[PDB]
């Protein structure tokens, strides 16, 4: 019933993917969805310099995560891991861990690169952290038919939606990438409501 899209984005790609994930989840009758971001970690001046890019979404507290039946995580990659900011966040979830606050909750993840390299490693290495919390890990497999389209460069994997930002940052999530993101949101919100309800 309650789905949190929790994300970090520096230049807006993950933010755009997050809104798409939220759209899809919102299609599920019975699903309350909220979008939030993790605290920034680099100093604000440097940030801004930098820089990229102010966000509407409120910053989440670690404690809030207990209020949700499913959490969908988005990070850009940093050399094939989650971003330091998302890492710093998850590192504050000890209290939650000790009480088993997130145990058995649905977790899914989406990311952004690149150039594309690391997009898989970023997701799967995020899953690891989620597993330590005993979260139920939900990949998207091959239901989104766009994953078979190799006629255009295209993010997205069976592990979760992804987007390709361009080495430059100038690319925007394509319709096909967004379509997969939307599918991710709808699927996990559906499974959440099936659970949940």
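Positions refer to the first chain, counted from 1.
Compared with other deposited structures of the same protein, residue 37 does not meet the criterion of being unmodelled in at least one third, since all of those that resolve residues on both sides include it. Of the other compared PDB entries of this protein that include residues on both sides, at least a third leave residue 155 without atoms. As the entry records it, the average C-alpha temperature factor is higher for 141-149, out of 158-166 and 141-149.
Relative to one another, 53-61 and 128-136 have unequal mean CA B-factors, and 53-61 is the one with the higher figure. Sort the modelled residues of the chain by CA B factor and residue 193 lands in the highest third. Sort the modelled residues of the chain by CA B factor and residue 6 lands in the lowest third.
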